[PDB]
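Reviewing the structure listed below.
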Amino acid sequence: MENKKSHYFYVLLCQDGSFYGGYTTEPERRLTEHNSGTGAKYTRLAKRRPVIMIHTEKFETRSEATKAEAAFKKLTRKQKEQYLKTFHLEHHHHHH
């Protein structure tokens, strides 16, 4: 679904408890790039340094975005977890 306007916010988590939350478009390309940017030859699977996704959401407007980052700037790996979980649990958005 990604790669198409809208600020997609994805938070990655490794075994080193590293919450990498970034908002942009076409993370698939931006991601692979990084991996195959610094230094590498041929490793898609990528074992070392696992990357898991527990958060998945995008923003239409900037307000909510700049706000999503603001709060996410204060909140921690905890508040964030719930902050989203609280939303993940339920499912209310668009139409009714």
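Labeling convention for the structure tokens: chains A, B, ... as they appear, residues from 1 per chain, ligands from 1 in order of appearance.
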
Given only C-alpha atoms, how would the per-residue table for stretch 5-47 of chain A near stretch 65-86 of chain A read, listing every residue at most 9 Å away with its closest atom pair and distance in Å to one decimal, sorted by chain and number, as a Markdown table?
```
| residue | atom | partner | partner_atom | distance |
| --- | --- | --- | --- | --- |
| A:7 | CA | A:65 | CA | 7.5 |
| A:9 | CA | A:65 | CA | 8.7 |
| A:17 | CA | A:77 | CA | 8.3 |
| A:18 | CA | A:77 | CA | 8.5 |
| A:19 | CA | A:77 | CA | 6.7 |
| A:21 | CA | A:72 | CA | 8.4 |
| A:22 | CA | A:69 | CA | 8.6 |
| A:23 | CA | A:65 | CA | 8.1 |
```

Keeping only N, CA and C atoms, write the selected residues as an mmCIF file, in the first residue's frame.
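Saved the output as selection_6.cif:
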```
data_model
loop_
_atom_site.group_PDB
_atom_site.id
_atom_site.type_symbol
_atom_site.label_atom_id
_atom_site.label_comp_id
_atom_site.auth_asym_id
_atom_site.auth_seq_id
_atom_site.Cartn_x
_atom_site.Cartn_y
_atom_site.Cartn_z
ATOM 1 N N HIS A 7 2.036 10.375 4.500
ATOM 2 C CA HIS A 7 3.218 10.166 5.318
ATOM 3 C C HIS A 7 3.061 8.877 6.127
ATOM 4 N N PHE A 9 4.011 6.229 8.646
ATOM 5 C CA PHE A 9 4.802 6.151 9.863
ATOM 6 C C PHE A 9 5.025 4.696 10.279
ATOM 7 N N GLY A 17 16.275 -3.315 21.086
ATOM 8 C CA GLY A 17 15.220 -2.393 21.473
ATOM 9 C C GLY A 17 15.460 -1.004 20.878
ATOM 10 N N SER A 18 15.402 -0.942 19.557
ATOM 11 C CA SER A 18 15.610 0.314 18.857
ATOM 12 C C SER A 18 14.355 0.686 18.064
ATOM 13 N N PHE A 19 13.605 1.630 18.615
ATOM 14 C CA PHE A 19 12.383 2.083 17.973
ATOM 15 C C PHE A 19 12.678 3.173 16.941
ATOM 16 N N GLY A 21 11.095 5.216 14.348
ATOM 17 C CA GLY A 21 9.859 5.724 13.775
ATOM 18 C C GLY A 21 10.137 6.875 12.805
ATOM 19 N N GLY A 22 9.815 6.633 11.543
ATOM 20 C CA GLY A 22 10.023 7.635 10.513
ATOM 21 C C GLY A 22 8.781 7.781 9.631
ATOM 22 N N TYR A 23 8.574 8.999 9.152
ATOM 23 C CA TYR A 23 7.433 9.284 8.300
ATOM 24 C C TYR A 23 7.885 9.759 6.918
#
```

Per DSSP on the backbone, filter stretch 1-89 of chain A down to the residues in strand (DSSP E or B) and report them as a list in words.
->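 Residues meeting the strand (DSSP E or B) criterion: residues 7, 8, 9, 10, 11, 12, 13, 20, 21, 22, 23, 24, 52, 53, 54, 55, 56, 57, 58 and 59 of chain A.
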
Residues flagged alpha helix (DSSP H) by DSSP in chain A, as a PyMOL selection string = chain A and resi 27-38+62-74+77-89

Calculate how many Å separate atom CA of residue A:27 from atom CA of residue A:57, rounding to one decimal.
->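 Between atom CA of residue A:27 and atom CA of residue A:57 the gap works out to 12.5 Å.
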
Find the residues near residue A:56: any atom within 9 Å, counting only C-alpha atoms, skip ones fewer than 2 places away on the same chain, and give them as an MDAnalysis selection string.
-> chainID A and resid 8:11 53:54 58 84

For the selection just defined, write its residues with N, CA, C and O atoms to a file, as a PDB file, in the first residue's frame.
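Contents of the output file result.pdb:
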```pdb
ATOM      1  N   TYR A   8       3.684   7.821   5.624  1.00  0.00           N
ATOM      2  CA  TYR A   8       3.622   6.529   6.286  1.00  0.00           C
ATOM      3  C   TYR A   8       4.582   6.477   7.477  1.00  0.00           C
ATOM      4  O   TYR A   8       5.788   6.658   7.314  1.00  0.00           O
ATOM      5  N   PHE A   9       4.011   6.229   8.646  1.00  0.00           N
ATOM      6  CA  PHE A   9       4.802   6.151   9.863  1.00  0.00           C
ATOM      7  C   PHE A   9       5.025   4.696  10.279  1.00  0.00           C
ATOM      8  O   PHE A   9       4.080   4.001  10.650  1.00  0.00           O
ATOM      9  N   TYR A  10       6.280   4.278  10.203  1.00  0.00           N
ATOM     10  CA  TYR A  10       6.639   2.919  10.568  1.00  0.00           C
ATOM     11  C   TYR A  10       7.694   2.907  11.676  1.00  0.00           C
ATOM     12  O   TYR A  10       8.689   3.628  11.598  1.00  0.00           O
ATOM     13  N   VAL A  11       7.442   2.083  12.682  1.00  0.00           N
ATOM     14  CA  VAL A  11       8.359   1.969  13.803  1.00  0.00           C
ATOM     15  C   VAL A  11       8.972   0.567  13.816  1.00  0.00           C
ATOM     16  O   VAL A  11       8.271  -0.419  14.041  1.00  0.00           O
ATOM     17  N   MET A  53       8.216  -5.014  12.871  1.00  0.00           N
ATOM     18  CA  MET A  53       7.271  -3.911  12.820  1.00  0.00           C
ATOM     19  C   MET A  53       6.068  -4.176  13.728  1.00  0.00           C
ATOM     20  O   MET A  53       5.339  -5.146  13.532  1.00  0.00           O
ATOM     21  N   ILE A  54       5.899  -3.295  14.704  1.00  0.00           N
ATOM     22  CA  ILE A  54       4.798  -3.421  15.643  1.00  0.00           C
ATOM     23  C   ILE A  54       3.826  -2.258  15.442  1.00  0.00           C
ATOM     24  O   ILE A  54       2.710  -2.280  15.959  1.00  0.00           O
ATOM     25  N   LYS A  58      -0.272   5.647   8.686  1.00  0.00           N
ATOM     26  CA  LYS A  58       0.123   6.759   7.838  1.00  0.00           C
ATOM     27  C   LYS A  58      -0.707   7.991   8.201  1.00  0.00           C
ATOM     28  O   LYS A  58      -1.732   7.878   8.872  1.00  0.00           O
ATOM     29  N   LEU A  84      -0.056   3.354  20.403  1.00  0.00           N
ATOM     30  CA  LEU A  84      -0.499   2.754  19.157  1.00  0.00           C
ATOM     31  C   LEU A  84      -1.406   1.561  19.464  1.00  0.00           C
ATOM     32  O   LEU A  84      -2.481   1.426  18.882  1.00  0.00           O
TER      33      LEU A  84
END
```

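Among the candidates A:91, A:15, A:5, A:96, the one nearest to residue A:52 when counting only C-alpha atoms is A:15.
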